[PDB]
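> Here you go, one structure.
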Amino acid sequence: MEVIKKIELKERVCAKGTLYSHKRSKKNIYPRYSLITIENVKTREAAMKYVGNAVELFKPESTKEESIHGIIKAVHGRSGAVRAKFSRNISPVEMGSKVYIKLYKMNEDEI
Amino acid sequence: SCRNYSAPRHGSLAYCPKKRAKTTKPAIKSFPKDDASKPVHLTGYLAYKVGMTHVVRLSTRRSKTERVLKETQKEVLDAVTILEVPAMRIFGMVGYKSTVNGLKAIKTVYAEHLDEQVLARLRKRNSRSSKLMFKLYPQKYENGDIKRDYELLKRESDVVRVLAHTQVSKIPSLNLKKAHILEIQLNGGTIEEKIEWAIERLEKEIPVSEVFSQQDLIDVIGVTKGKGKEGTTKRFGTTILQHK
Amino acid sequence: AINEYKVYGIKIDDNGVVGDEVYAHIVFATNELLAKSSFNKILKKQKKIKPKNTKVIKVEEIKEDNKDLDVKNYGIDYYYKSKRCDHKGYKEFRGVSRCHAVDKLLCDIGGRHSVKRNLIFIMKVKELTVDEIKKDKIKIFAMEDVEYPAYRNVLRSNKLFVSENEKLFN
Amino acid sequence: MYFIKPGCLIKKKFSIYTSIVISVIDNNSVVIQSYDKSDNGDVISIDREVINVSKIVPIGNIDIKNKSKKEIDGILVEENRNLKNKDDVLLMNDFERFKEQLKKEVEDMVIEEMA
Amino acid sequence: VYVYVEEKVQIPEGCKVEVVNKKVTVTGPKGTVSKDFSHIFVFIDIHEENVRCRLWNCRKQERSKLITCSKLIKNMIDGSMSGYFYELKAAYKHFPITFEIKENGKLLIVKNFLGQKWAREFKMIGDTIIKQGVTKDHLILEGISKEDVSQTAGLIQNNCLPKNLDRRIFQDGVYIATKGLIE
Amino acid sequence: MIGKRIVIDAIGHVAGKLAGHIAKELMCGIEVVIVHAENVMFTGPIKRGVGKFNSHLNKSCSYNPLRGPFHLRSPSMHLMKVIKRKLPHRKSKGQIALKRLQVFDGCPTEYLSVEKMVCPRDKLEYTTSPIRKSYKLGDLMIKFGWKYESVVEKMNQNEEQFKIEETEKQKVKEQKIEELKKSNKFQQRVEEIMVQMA
RNA sequence: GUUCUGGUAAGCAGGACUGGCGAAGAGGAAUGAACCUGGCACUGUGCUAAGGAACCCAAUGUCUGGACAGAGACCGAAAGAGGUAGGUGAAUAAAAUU
């Protein structure tokens, strides 16, 4: 079963993170950008080393497309969180989900 | 503005909402505190209401401070109710365990031979049955399942209760072929003693003289007479309004 | 943080250097602009020269040495404005600089009397030996006779959740 | 229990190396001589500093009844000579790390058969 | 703010003391008593044949608690070398009060107070025992713990007074006469 | 992350401070189990706590009490309601989040073996001064009609038995293995397996 | 907002000066015609204001003093004692005290 293999392949090679919010103020949301936390990264200086890296959301139960790709654009705040952009806008139903950080840089056009 | 004169409320709010009882047969829901210092005994029973009559009794009750010399004796007329109480038969037992959510039942164990009157409660319509109810259970005696069951009850329980039914066939005026079943608690001694006392008595008949004696005080639980839908004047006792 | 500056200035009219006097003023402030502000304030109250007739010729910072961070005793004479009037007083402090002494007074009065730093005025700062000390507070620390243990616990790690069997504090 | 008095040895918050207290100012502040190391190329530095007591943890005592700055630098470089920033497994190259991993992993396969 | 506060109590020749945490336990001729000081912020230890309390950098109302702690420890030590006593005396202008001792000196009954026909019953707290005095109107209490002894005596005194009467005409009562250590 | 679980021992933490940290995790998809809810600590005298709770019982719906507030009387359920109101519970996202939480008085038998976490920033001895009073939630709730105190004391005694047995069972294996591995019979086979992997 | 006249006053009646709402959206004071920031065609990337930074809810921590009242963060007078932190001026002193 290909899904079980594709997971183990990704698990061995990537860092792990979770999606927790869109970019927002107290009143309005900006769904083009999403906010991520990475496992053991806990300062803004530590987080700067990931700016530019590729990210992937893998979803095996999906009928349309099994994974969405994206890129980390900027650091956010002072405790090591980041801001990222994806080829499609993330649904509110997909918040709380697991994200993979891929250890190589890509250009803003590739996504 | 405040009302002109004071008066009490009509009826008690301790009984609201006043809805209809679900079935006609009551469970004893609360039992007196156990005491390990006494012998094993039963705490309750079932009875049927017959009717009323009156009696005359002698009395000598007066104030302790009353200065009268003579040992005055006086007749008093009193009304009384008669209840019929045929012997109940024991047919099984249940053990319970204490938890953060109250008492929960662990297992139930039944006698090897059960009566037609008690099996009749398990089906809905009396005259239409294949009667294959408890026919496979007796194997559990041969297999030692019963002996494993008693072990588990004896090992892990806080409260033990017996199951008893009433012999409806002795009271023909009821027009009833299904026995009534009640769960009754055992107080006194330790869990082991309680279980042995029960085991000795499955299938046997306990007379009312085991449980109660003359002059005792007892609590009676029942469902009242029915009166249908009714207006406020009778349901809560409110006054009738002006005639015009 | 607080710094020490010394400002120099002269009078001018429709023509230059109208008096041959030069006036000076030492001040504790956070920056040069707050220093220059104080110079204007004192001139207008002790003399009557308003800014349009003044010129500042120099501002200099004053700095100590103290490479070994040696600890010294200081006494300070001050006043402050309350709701009633102006209140004068004297207090003693310990530190590694005159500015270290002065920043501790400003913090103290704000804590004890609910006053913003701009309503407090320093009159004198003096360095003292052990025989000069007047009040009770610092004398035990000056005579070198103090030890104490730690009352506050300290965290071992930056992690939010840790295993029950780990060591938690210090 | 230890005490904060001249010659106490302390660690600072989230730090591995020892430092030493030199004078006591008030009931909440002290002057310390502090040791630290640049992981960029083993460049050490020792310097004096004023610190509040809520950032330090005491661990022991030494004399220094009378000493100069250069002497106490000597005391400190001896004291923390053995210590390190990180476990070497994270510093070495990939093949060396794998070689070290194998030792542990094989030892378990022996123990689980021998027990 | 006080820089340093210390208080000390000396352990006599026969006595033995231990400290587990903030519980302090005492043993000696008359028996054993113990008390837990976990509700006070203080450091307690045993050092050179003394019991020592200490604090640093504390407020005025924290040092009052330290001192109070030290006085309680002394009462425990004293009470262990000899117990304490309290003496009670019945007083009456018309109706003689009478006393009964029951349960080996653990229960006291009082009868005929101001002519009342109902009885009163008082129970002894802890180690305490009740005994008859020099004439019929006297009682003595004896025990290890100054707390337990004095609390008991107080409860008797506080209940055995007139109510809804003018106390400067009706002066009857049971009063605490004498208190001290036993010889 | 969805699919991660965590078990928390609630003893010695200040109630309102732990609750904030827990609520953030529930919104990130973690499943949380809290154990020992009867040992959480509140600051101040118990006298003040009693008055704050009396003012709460007075609140009710004027025209129908079966709509009005429900006043919960178990330590587990009380701490549950403290966490509930730090989440967006009027909306679906909060209702989903709440169903990821379980709270127990004592420790149940299915959670004796599992390893347990703690939150150093919220422990009383870090976050409060020593010179002031505090009380436990188990101490307040007996005054407002909790009825299962004794059931929890019996549970607490089973835990102590399991702790001593597991520690005794561990220390023997530690000794056994450490004494074993110094032997030649062990150190020989290291070579015998390495001959086939070098 | 700053000021004035009549009235015990009033979300009361009536004038003067400089900006508003009327005819003004957006972000902030939980909510509010008029208060704070600041004037609007339509898109994209960066930065700041006012106001925030345990959790609801995007971003939070540190240092030094006070304070124990179901207090305060939101909140009433003349009159006062008690507890505690500091200033100044009088004494006395065989630790200090008033």
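Counting neighbours? That spans all protein chains shown, and the Cβs are built from the backbone with ideal geometry, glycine included. Computed from the coordinates by the stated procedures, all read-outs in this text should not be read as laboratory data.
> Quick one: Karplus J couplings for the stretch B:106-117, per residue in order, coefficients 6.51, -1.76, 1.60, θ = phi - 60°, nearest Hz, x for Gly and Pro?
Values per residue, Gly and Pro as x: 8, 7, 10, 10, 10, 4, 5, 10, 10, 8, 4, 5 Hz.
> Bins of 10 Å, beginning at zero and ending with the bin holding the largest distance: percent of Cα pairs per bin for chain B, please.
Taking every Cα pair in chain B, the percentages come to 5, 20, 24, 22, 15, 9, 4, 1, 0.
> Build a GNM of chain B with springs between Cα atoms under 10 Å: which of B:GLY226, B:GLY144, B:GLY189 gets the top mean-square fluctuation?
Looking only at B:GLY226, B:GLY144, B:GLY189, the biggest GNM fluctuation is shown by B:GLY226.
> Beyond 20 Å, what share of the Cα-Cα pairs of the stretch F:85-198 remains, rounded to the nearest whole percent?
73
> Right, here's the next one. Take every Cα pair under 8 Å in chain A that's 6+ residues apart, average their separations, divide by the length, and report that relative contact order as a whole percent.
Relative CO of chain A lands at 33 percent.
> Going by a ≥ b ≥ c, the root eigenvalues of the Cα gyration tensor, does chain A fall in the rounded group (a/c under 1.5), the prolate group (a/b larger than b/c) or the oblate group?
oblate
> Past 22 Å, Cα to Cα: identify those pairs from F:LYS52/F:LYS84; C:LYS72/C:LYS139; F:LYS116/F:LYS143; E:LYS71/E:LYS146, in the order given.
Where the Cα-Cα span goes over 22 Å, the pairs concerned are F:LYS116/F:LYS143.
> Same structure again: Which shape class applies to the stretch B:140-237: rounded if a/c is under 1.5, otherwise prolate when a/b exceeds b/c and oblate if not, where a ≥ b ≥ c are the square roots of the Cα gyration tensor eigenvalues?
Because a/c hits 1.5 or more and a/b exceeds b/c, the stretch B:140-237 counts as prolate.
> Right, another one. May I ask you to order B:37-44, C:62-69 by the average number of other C-beta atoms within 10 Å around their residues, highest value first?
Per-residue Cβ counts within 10 Å, averaged per peptide and sorted highest first, yield B:37-44, C:62-69.
> Given the options D:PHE95, A:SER79, E:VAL5, identify the residue whose Cα lies farthest towards the positive end of the charge dipole of the protein assembly as shown (+1 on Cβ of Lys, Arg; -1 on Cβ of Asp, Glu).
Of the options given, the answer is A:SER79.
> On to the next question. Summarise the partner chain shielding of C:152-160 as one whole number: the mean count of Cβ atoms from other chains within 10 Å of each residue's Cβ.
Per residue, the average neighbour count from other chains is 6.
> Suppose every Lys and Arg Cβ carries +1 and every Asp and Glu Cβ carries -1, with no other charges. What dipole size does the stretch B:15-169 come out with about its Cα centre, to the nearest 20 debye?
Result for the stretch B:15-169 is approximately 820 debye, rounded to the nearest 20.
> Using helices alone, I'd like the mean residue ellipticity at 222 nm for chain A: each DSSP H run of four-plus residues gives -39500 (n - 2.57), total over residue count, nearest 500.
-3000 deg cm²/dmol, from helical runs alone.
> Considering only C:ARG152, C:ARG98, C:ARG112, give the residue with the highest GNM mean-square fluctuation for chain C, with springs between Cα atoms whenever their separation is below 10 Å.
So, out of C:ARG152, C:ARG98, C:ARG112, the one fluctuating most is C:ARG152.
> Just tell me which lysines come within less than 23 Å, Cα to Cα, of B:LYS178; anything on the same chain fewer than 8 places away is out.
B:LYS22, B:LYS25, B:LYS29, B:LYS49, B:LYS124, B:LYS131, B:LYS135, B:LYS170, B:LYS204, B:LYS225
> Check cross-link reach from A:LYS10 to the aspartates and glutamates: straight Cα distance under 19 Å, and skip same-chain residues fewer than eight apart.
Answer for A:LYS10, where 19 Å is the Cα cut-off: A:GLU2, A:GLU39, A:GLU56, A:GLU61, A:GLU65, A:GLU66, listed by chain and number.
> While we're looking at this one, here's another question. Starting at the first residue of the stretch C:84-91, write each ³J(HN,Hα) from the Karplus equation 6.51 cos²θ - 1.76 cosθ + 1.60 with θ = phi - 60°, in whole Hz, x for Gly and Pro.
Per residue, the Karplus-derived 3J(HN,Hα) values read 8, 6, 10, 10, 8, x, 9, 8 Hz.
> Do any trypsin sites (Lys or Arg not before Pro) in the stretch B:33-97 lie in a loop, going by DSSP, with at most 16 other beta-carbon atoms within 10 Å of their beta carbon, and if so which?
Those satisfying the criteria are B:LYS33, B:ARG61, B:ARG62, B:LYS64, B:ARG67, B:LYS70.
> Across peptide B:26-37, what mean number of C-beta atoms from other chains lies inside 10 Å of a residue's C-beta?
0
> Give the shape of the stretch F:43-98 as rounded, prolate or oblate, defined through the alpha-carbon gyration tensor: a ≥ b ≥ c are the square roots of its eigenvalues, a/c under 1.5 means rounded, and otherwise the shape is prolate if a/b is larger than b/c and oblate if not.
Verdict is oblate for the stretch F:43-98.
> Something else now. Taking beta carbons within 10 Å but only from partner chains, what does the mean come to for residues D:50-61?
The mean count of partner-chain Cβ atoms within 10 Å per residue comes to 3.
> From the helices alone, meaning DSSP H stretches of at least four residues, give me the mean residue ellipticity at 222 nm for chain F, per-run term -39500 (n - 2.57), in deg cm²/dmol to the nearest 500.
Counting only the DSSP helices, I get -14500 deg cm²/dmol.
> Right, here's the next one. Before anything else, pin down the relative contact order of chain E: Cα pairs under 8 Å, at least 6 apart, normalised by residue count, whole percent.
This gives 21 percent for chain E.
> Continuing with the same structure: If the reach is capped at under 18 angstrom between alpha carbons, list the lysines near C:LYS6, excluding any in the same chain fewer than eight residues apart.
C:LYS36, C:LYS41, C:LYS44, C:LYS55, C:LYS58, C:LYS63, C:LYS124, C:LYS126
> Quick one: compute the contact order of chain F, relative version, from alpha carbon pairs under 8 angstrom and 6+ residues apart, as a percent.
29
> With springs connecting C-alpha atoms under 10 Å apart, model chain E as a Gaussian network and identify which of E:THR25, E:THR68, E:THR152 has the largest mean-square fluctuation.
With Cα springs under 10 Å in chain E, the top fluctuation among E:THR25, E:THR68, E:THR152 is at E:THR68.
> Next question. Tell me which GluC sites (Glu not before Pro) from the stretch E:35-96 have a DSSP coil assignment and no more than 12 other beta carbons within 10 Å of their own.
Passing both the DSSP loop test and the Cβ count: E:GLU48, E:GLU49.
> Let me ask something else. Give me the net charge for the shell around E:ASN21: Cβ to Cβ below 13 angstrom, other residues only, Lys and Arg +1, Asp and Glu -1.
Within the 13 Å Cβ shell, the charges total 0.
> Expressed as an acute angle from 0 to 90° and rounded to the nearest 10, what is the orientation of the C-alpha long axis of helix E:60-81 relative to the principal long axis of chain E?
70
> For chain B, what is the mean residue ellipticity at 222 nm derived from helices alone (per DSSP H run of n ≥ 4: -39500 (n - 2.57); sum divided by total residues; nearest 500 deg cm²/dmol)?
-3500 deg cm²/dmol
> Now, a different point. Loop only per DSSP, at most 13 neighbouring Cβ atoms within 10 Å: give me the trypsin sites (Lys or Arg not before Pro) in the stretch A:1-104, ordered by residue number.
For trypsin sites (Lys or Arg not before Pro) across the stretch A:1-104 that sit outside H, G, I, E and B with at most 13 neighbouring Cβ atoms in 10 Å, the list reads A:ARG12, A:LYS26, A:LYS27, A:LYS64, A:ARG78, A:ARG88.
> On to the next question. Where q = 0.09, 0.11, 0.14 Å⁻¹, what log10 of I(q)/I(0) comes from the Debye formula for chain F, counting one point per Cα?
Debye output, listed in q order: -0.50, -0.67, -0.95.
> Return the sequence-ordered ³J(HN,Hα) values of the stretch E:134-151 in whole Hz as given by the Karplus equation 6.51 cos²θ - 1.76 cosθ + 1.60 applied to θ = phi - 60°, using x for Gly and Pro.
5, 9, 4, 7, 9, 10, 10, 10, 9, x, 7, 9, 5, 4, 4, 5, 6, 5
> Based on the Cα gyration tensor of the protein assembly as shown, what are the three equivalent ellipsoid semi-axes, each the root of five times an eigenvalue, rounded to whole Å and given largest first?
For the protein assembly as shown, the ellipsoid semi-axes come out as 72, 51, 37 Å.
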